[PDB]
Amino acid sequence: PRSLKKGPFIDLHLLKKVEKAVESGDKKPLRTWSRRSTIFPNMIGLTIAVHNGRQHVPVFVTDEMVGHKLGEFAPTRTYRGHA
Amino acid sequence: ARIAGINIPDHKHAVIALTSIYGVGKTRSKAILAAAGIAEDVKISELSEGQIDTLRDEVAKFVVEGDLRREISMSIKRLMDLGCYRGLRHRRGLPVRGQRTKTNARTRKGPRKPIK
Amino acid sequence: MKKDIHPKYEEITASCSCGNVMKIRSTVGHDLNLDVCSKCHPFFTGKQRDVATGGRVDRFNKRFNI
Amino acid sequence: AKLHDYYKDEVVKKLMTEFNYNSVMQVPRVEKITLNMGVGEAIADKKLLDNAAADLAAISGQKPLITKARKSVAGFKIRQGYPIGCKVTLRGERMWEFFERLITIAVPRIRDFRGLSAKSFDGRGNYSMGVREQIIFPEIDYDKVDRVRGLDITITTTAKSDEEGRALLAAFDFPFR
RNA sequence: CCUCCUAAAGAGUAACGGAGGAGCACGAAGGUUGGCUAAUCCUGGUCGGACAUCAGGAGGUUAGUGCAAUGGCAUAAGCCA
RNA sequence: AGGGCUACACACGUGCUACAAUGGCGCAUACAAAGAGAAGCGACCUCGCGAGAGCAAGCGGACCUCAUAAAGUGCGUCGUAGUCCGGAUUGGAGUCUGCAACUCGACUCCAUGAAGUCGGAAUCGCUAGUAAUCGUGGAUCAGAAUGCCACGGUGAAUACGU
RNA sequence: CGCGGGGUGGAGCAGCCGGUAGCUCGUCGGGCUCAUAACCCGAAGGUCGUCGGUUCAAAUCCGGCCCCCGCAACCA
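Protein chains in written order, with my numbering: chain R, 125 to 207; chain B, 2 to 117; chain X, 1189 to 1254; chain W, 112 to 288.
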């Protein structure tokens, strides 16, 4: 993980978007590519459609998801089974 | 020779003996011993009752045996609930830390299952 | 009770390290040195702390913040 | 009979206070404590059953009855009249003593004890529980035993309701949850 | 040779009529004294599961009878000593 | 810009580490060679359990730095156990590089302690300072080697013969 | 309809007493092999047609049914 002294990582644009959403009080999904962005307390409640390489997959943020990153909840590979 | 919630081997040395507790390895055992004021080399046999009590008390400071197990369970369960990558991996039975399964995930995947 | 068949059942003293001495009849024979007594068992103290769900958000706040 | 004594003076009184019984006979009382060991592995070899019986005896100062198959089931391979389990029925002073032991020592010794069940009362007062390890009782020696054993305790009581039974148990500071 | 039905409410009653059994077993599975009461289901209970053993109940012989079927059997003819 | 080349029922190739006592662990202590270094090597001192951090000389270098060689030797301990063997795996917490370590870096600490008790058919290397074993360095390179290319240490067995 | 054989691992031939549950070729796996056929080692494939019962051993002894055989007899 990232160093504690450096703080958490979130993409600036993403953060801005989140802030805007908060200000509004809207619940329309924000399509995002920043899979590397950490989830924040203020992001709780928002749906945020994270890119998985191919498509944006909706992620309703929860109290448990905070320390994690957005890419953790948007699996890229699509394996069903060998038979 | 009953510490935390288990029995402990009497013939073995203290440091080693303690390691029989789920949640204490070698370093932790050593620490416990230090706290007690008991030598590492002595056995669990030929110990005083007071000493044993002290040891028990020391052990009680850490999260061990049942509590530890519970804690361990909780995290995994939480992960599963989340459905984060790690959680998904756990539910699959596939390596979580980012190992290149290819032809070597036999600890998670278990023994080989021929195609049928 | 029938005379021969049964085990020897006799009064012994049982001592929890907590300090509670407990006279009881039993098949042990020798004196009993207990490790936990019902008086000195952590049901009521432990089980609040033993779950340890905590707060994720709180944790996040603690480790780093603005 | 310390527990019995306690019951006679205090527990009964408490019960009276709480449920508002007219007669003292109307209060719940514990009739018997039964201790069963099923031991299906006895069919493979005789000695295991014997061992189990011995263990039971050690636990509770009676010598156990050795139960036998009523009606003979399909999958587990037992003919009728196969010595298949053992039991001990405890009553009176001995029973009381056992009860005292169970709460004041054995239950405390349970590995990862986080209480007993309150819903395990069956609907007519009679409580039943299971011990996974027979080592929890300090009668058994840890070094001596070869096979891991368990058993079930069944407290039978005169409580008409389950609730009443539960209350009675509580009045003996029975763990629960 | 035994049981049921055909057999017409005493007995008996035929067919290459309809259905099943016997050619033994047991020194206890006999005698007697004393005691006991079933199947099945439900709920609870360590391993233990549709199905072992143990508790609480419903049930009332639906079970049992050394083996076919009938008639019997709780005063048990059923189960223990 | 993000992802992939790092996927994973499986099969093969080449390596590393093991399965232990000719050893593991602990404390003390001896003897190399050959290299690299300026957007670089970085002493000493201070702090950190440690990876490292801070300060900051000496040095384009037979001068200073990397840089303590390790096996060995002595003393202690463990006593044939899946172990004080073995380290995979996973959890926590972190260090450094780098705009950036989720996919996907290395290293550290604490915990965790799989398989494995010398390996079927078969199959490879080596004739001497060789094999075997022990460390050390370099290139590429911000970071990222068990690979490659180099260096010394200890140091065998056997060759009747075709 | 009656009477003699009996009914299985992809096919086939399985040791009088019910406790043994196979062998050949086949498919995979790997090195032999100048090549495969190989020799050799190991591995996946069941119900014992079926419904029942005597018995803890049952497919393995018997009562019926479905088929494969074989029978020899019949046919206004």
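In this text, a Cβ means the ideal position worked out from N, Cα and C, and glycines have one as well.
Backbone secondary structure at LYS140 (chain R) - three-state DSSP = helix
Give the residues from the region 1199-1215 of chain X that approach chain B closer than 7 Å (Cβ to any Cβ), ordered along the chain.
-> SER1205
What is the DSSP secondary structure of residue 104 (chain W), reduced to helix, strand or coil?
-> Residue 104 (chain W) falls outside the range modelled here, since chain W spans only 112 to 288, and no answer is possible.
CB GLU47 (chain B) to CB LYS31 (chain B), shorter than 9 Å?
-> Result no, Cβ atoms of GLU47 (chain B) and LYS31 (chain B) do not sit closer than 9 Å.
Would DSSP call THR1233 (chain X) helix, strand or coil?
-> coil
Ends of the alpha helix (DSSP H) at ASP58 (chain B)?
-> 50-62
Proximity to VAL1216 (chain X) [Cα-Cα], best of W:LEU213, W:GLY172, W:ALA112 | Ranked by Cα distance from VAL1216 (chain X), the first of W:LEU213, W:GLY172, W:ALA112 is W:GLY172.
Consult DSSP for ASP82 (chain B) and reduce its assignment to one of helix, strand or coil.
-> helix
Going by the CB atoms, is the gap between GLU59 (chain B) and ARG222 (chain W) shorter than 9 Å?
-> Taking 9 Å as the Cβ cut-off, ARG222 (chain W) and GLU59 (chain B) do not qualify as a contacting pair.
For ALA145 (chain R) and chain B, any beta-carbon pair shorter than 9 Å?
-> no
Of the residues W:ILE189, W:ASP284, W:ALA270, the one placed nearest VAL135 (chain W), counting alpha carbons only | W:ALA270
What does a CB cutoff of less than 8 Å around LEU95 (chain B) pick up in its chain, not counting 5 residues either side in sequence?
-> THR102, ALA106, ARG109, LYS110
Quick one: list the residues of chain X neighbouring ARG3 (chain B), beta-carbon separation under 7 Å, in chain order.
-> Listed along chain X, the residues sitting closer than 7 Å to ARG3 (chain B) by beta-carbon distance are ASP1223.
Residue range of the beta strand (DSSP E) that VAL141 (chain W) falls in?
-> Note, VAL141 (chain W): beta strand (DSSP E), 141-149.
Span of the beta strand (DSSP E) around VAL174 (chain R) = 172-175
Closer than 7 Å, Cβ to Cβ, to anything on chain W: give me those residues from the region 1220-1250 of chain X, in chain order.
-> Residues of the region 1220-1250 of chain X with a C-beta less than 7 Å from any C-beta of chain W: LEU1220, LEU1222, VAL1224, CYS1225, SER1226, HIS1229, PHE1231, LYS1235, listed in chain order.
For chain B, is any of its Cβ atoms less than 9 Å away from the one on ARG225 (chain W)?
-> yes
Compare the C-alpha of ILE246 (chain W) against each of W:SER183, W:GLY236, W:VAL218, W:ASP273 and name the closest.
-> Out of W:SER183, W:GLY236, W:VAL218, W:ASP273, W:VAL218 has the C-alpha closest to the C-alpha of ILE246 (chain W).
If you follow the alpha helix (DSSP H) that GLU152 (chain W) is part of, which residue opens it and which one closes it?
-> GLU152 (chain W) -> no alpha helix (DSSP H), and no H or E assigned at all.
Burial state of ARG277 (chain W) (16 or more Cβ within 10 Å) | buried
Counting along the chain, where does the beta strand (DSSP E) carrying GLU1199 (chain X) start and finish?
-> Start and end: 1198-1204.
Below 7 Å between beta carbons is the criterion; list the residues of the region 173-201 of chain R that meet it against any residue of chain B, in chain order.
-> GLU188, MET189, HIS192, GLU196, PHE197, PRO199
Contact set between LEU138 (chain R) and chain X, taken where Cβ atoms lie within less than 7 Å = Contact annotation for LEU138 (chain R) against chain X: no contact, minimum CB-CB distance about 16 Å [criterion: below 7 Å].
What is the DSSP secondary structure of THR268 (chain W), counted as helix, strand or coil?
-> Correct three-state label for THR268 (chain W): strand.
Is there contact here, the region 1235-1248 of chain X with the region 113-131 of chain W, by at least three beta-carbon pairs under 8 Å?
-> no
So, is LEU136 (chain R) buried or exposed, given that buried needs 16 or more other C-beta atoms within 10 angstroms?
-> Exposed: under 16 other Cβ atoms inside 10 Å.
Checking contacts by CB at 9 Å: is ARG57 (chain B) closer than that to chain X?
-> By this cut-off, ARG57 (chain B) is an interface position.
Residue range of the beta strand (DSSP E) that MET1210 (chain X) falls in?
-> Taken as a continuous stretch (DSSP letters only), the beta strand (DSSP E) holding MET1210 (chain X) covers 1209-1214.
Simplified DSSP assignment, three categories, for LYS130 (chain R) = coil
Thinking just about the alpha-carbon of each residue, which of W:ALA229, W:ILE264, W:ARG140, W:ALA165 is nearest to the one in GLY241 (chain W)?
-> W:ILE264
When the distance is taken between beta carbons, is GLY195 (chain R) closer than 9 Å to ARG159 (chain R)?
-> yes
Would you mind sorting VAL25 (chain B) into buried or exposed? The rule is 16 or more other CB atoms within 10 Å of its CB.
-> It is buried - the Cβ of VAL25 (chain B) has at least 16 other Cβ atoms within 10 Å.
Going straight from the alpha carbon of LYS1211 (chain X) to that of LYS1196 (chain X), what length do you get?
-> Rounded to the nearest whole angstrom, the CA to CA distance from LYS1211 (chain X) to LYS1196 (chain X) is 16 Å.
Using a threshold of 8 Å, is the CB atom of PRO1230 (chain X) nearer than that to any non-hydrogen atom of the ligand SAH?
-> As far as ligands go, the structure on display features none, and thus does not contain the ligand SAH.
Note down, in chain order, every chain X residue with its Cβ under 9 Å from the Cβ of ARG71 (chain B).
-> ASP1238, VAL1239, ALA1240
Beta bridge counterpart(s) of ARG155 (chain R) as assigned by DSSP | R:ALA173
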